[PDB]
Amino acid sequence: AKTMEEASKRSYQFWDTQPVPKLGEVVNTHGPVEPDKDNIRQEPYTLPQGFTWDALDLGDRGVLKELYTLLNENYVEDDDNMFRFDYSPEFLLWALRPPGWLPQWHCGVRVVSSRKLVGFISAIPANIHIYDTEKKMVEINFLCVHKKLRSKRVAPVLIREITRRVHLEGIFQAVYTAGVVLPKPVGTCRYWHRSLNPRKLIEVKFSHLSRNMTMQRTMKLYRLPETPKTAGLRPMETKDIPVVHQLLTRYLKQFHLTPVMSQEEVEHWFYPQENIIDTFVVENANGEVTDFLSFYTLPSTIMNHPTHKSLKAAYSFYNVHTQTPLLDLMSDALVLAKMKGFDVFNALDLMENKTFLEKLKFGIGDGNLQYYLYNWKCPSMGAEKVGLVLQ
């Protein structure tokens, strides 16, 4: 189920038992669905015979390599099974060890005999602002079951067990995303794509020539300047951590679902790391930082192709403008991505992105990213009010 009213056909045997609003129901209230638990299941849920829980120590390079391999071979693919996410091992450290990360929230499943990693789910702590409430939550990501273990209800036990391990730490709400419709999205956002190397994109069938266009026409149309234009643009540095935190916090106040980041969290999520996260700040003639752009690195494997093996994609992160126009800022984001060797630059239609997507020659995608809250009943919102980007 990837669209809304084909989700209406479905019954949800697992999600009907969970504290989430029903797919069809109108929500006019704001708050938890069930009470905070004052007694929590002490024992892990039972796994089918021959498998065992195992908290992964990602500080161990071999176990981290095992996690890379699990996701590299079994994680999300497109709607035609032509591309698959290729999260790098050091990207995984970035996404999975932010301030406050806990080792029991890196929840793997192993075969008892071979010790092979065949399942995974993760939680990281996050303070979330939703309408007029700030709640400490977790973000759930990287739910993955090995292809040879699918359709055996391993994913529901993974969800229940990470729920249990989060409950034990006193947290009773969570936020997550998924490309499918479930009960019940608090918001729906659409991916958009800006070709950077249109010939590679067309060759590997990521893109297609538009109506009555040719490869030569397309390459010209998508050409970009070779250097950015915005005055004072430079990579973010340690000295920028306070102003970037200040800039982000105040800009996010206009949306209805946002992170509430500490300054330590701002450092983690934005301080540039090569091939993971790029952040560029605008420092004006006064020495003041007034804007910043950021995008993270998420390549994908190209399946079944003899010469092209990988597609290097950039994902728009958080972009704050207070004196540079957002159109100009994102234009330079495209140029920096091109320079850094990306083949495509992706962005969702959330926050104010719809004001530059069409004008910068983004093409609308076939994928929706649905946003979800666990144990929090509230009215849904349009994508322009979503102010939260996950990995």
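C-alpha atoms forming the largest set that superposes within 1.5 Å between two forms make up the rigid core. We number the residues from 1 along the sequence you see.
Fitting each structure in 7 other deposited structures of this protein onto the rigid core and averaging C-alpha distances over structures and residues, 212-220 emerges as the more displaced of 246-254 and 212-220. Core-fitted comparison in 7 other deposited structures of this protein shows that, between 173-181 and 308-316, the CA atoms farther from the shown form belong to 308-316.
Judged by mean Cα B factor in the deposited record, 270-278 ranks above the other of 270-278 and 164-172. Note on 144-152 vs 294-302: mean CA B-factor is higher in 144-152. Looking only at 194, 234, 129, 217, the residue with the top Cα B factor in the deposited structure is 217.
Across 240, 226, 90, 264, the greatest Cα temperature factor reported in the deposited entry is at 226.
Ranked against the other modelled residues of its chain, the C-alpha B-factor of residue 23 as given in the entry falls in the highest third. Among the modelled residues of the chain, residue 98 sits in the lowest third by CA temperature factor in this PDB entry. Residue 11: CA B factor lies in the highest third for its chain, per the PDB record.
Annotation for residue 363: C-alpha temperature factor in the middle third relative to the rest of the modelled chain, per the entry. When all modelled residues of the chain are sorted by CA temperature factor, residue 106 is found within the lowest third.
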